[PDB]
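> With the input below, show me the fold.
(chains A and B)
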Amino acid sequence: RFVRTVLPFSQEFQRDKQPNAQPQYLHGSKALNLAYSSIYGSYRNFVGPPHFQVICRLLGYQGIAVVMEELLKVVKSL
Amino acid sequence: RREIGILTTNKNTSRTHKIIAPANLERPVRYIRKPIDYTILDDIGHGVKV
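Numbering: from 1, shown residues only, chains lettered A, B, ... in the order given. See the structure here:
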């Protein structure tokens, strides 16, 4: 598993937090939104096999290829 | 598949048996008494005869 570094090395950058839409456009209701955000709260404190599993599906062969190719370029540059 | 194919190579992994006995098992040799013979090295190097 991967975890976040210590405070002085934590490179923060401002995120444009999205305006909240109506519950029907998310999980369905306020109760369900709260329930599901709690469910997925567990996954925010690390990066591991479940995250990698999801990344794999959502990117497919083409997404993985381009990410690998680009990571190689980051490494070449560094 | 073509795009990911660029980043691939063959994995050289194969399957075999835990133990493979030799094609021919070593033949058991019977013990035969023979006297001390001092001539068995005469043909090795510059030998000398009795």
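> Just checking the longest helix belonging to chain A against chain B, any contact.
In chain A, taking DSSP state H as the definition, the longest helix is helix A:49-77. Yes - legend: contact between helix A:49-77 and chain B by C-beta under 8 Å from any C-beta of the partner chain is shown at A:61, A:62, A:64, A:65, A:66, A:68, A:69. Just so you know, the C-beta spots here come from the backbone N, C-alpha and C atoms, and that holds for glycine as well.
> List the buried residues for that helix?
Across helix A:49-77, burial judged by 16 or more other C-beta atoms under 10 Å in any protein chain shown covers residue A:65.
> What of stretch B:11-29?
Under 16+ other C-beta under 10 Å, stretch B:11-29 has no buried positions.
> now that stretch, how far from the centre of its chain.
Relative to the chain's own centre, stretch B:11-29 is displaced by 12 Å; criterion: C-alpha atoms, centre = their mean, to the nearest Å.
> so how far does it reach from one end to the other?
Stretch B:11-29 has an end-to-end distance of 45 Å (C-alpha to C-alpha, to the nearest Å).
> SS state for the residue nearest the centre of chain B?
Chain B has residue B:22 as the residue nearest its centroid, 9.7 Å off, counting by C-alpha atoms, centre = their mean. What DSSP: H, G, I helix; E, B strand; the rest coil gives for residue B:22 is coil.
> Quick check: it vs chain A, distance?
Using C-beta to the nearest C-beta, to the nearest Å, residue B:22 is found at 45 Å from chain A.
> Make sure residue A:28 is indeed in a strand.
No - if the criterion is three-state DSSP, then residue A:28 is coil and not within a strand.
> Next, it: phi, psi?
phi 130, psi -40 (degrees, to the nearest 10).
> How much space separates it from residue A:65?
Distance of residue A:28 to residue A:65, computed by C-beta to C-beta, to the nearest Å: 36 Å.
> what does residue B:48 give?
Per C-beta to C-beta, residue B:48 is found 79 Å from residue A:65.
> Count the residues that sit near residue A:23.
Residues within reach of residue A:23, counting by other C-beta atoms under 10 Å in any protein chain shown, total 14.
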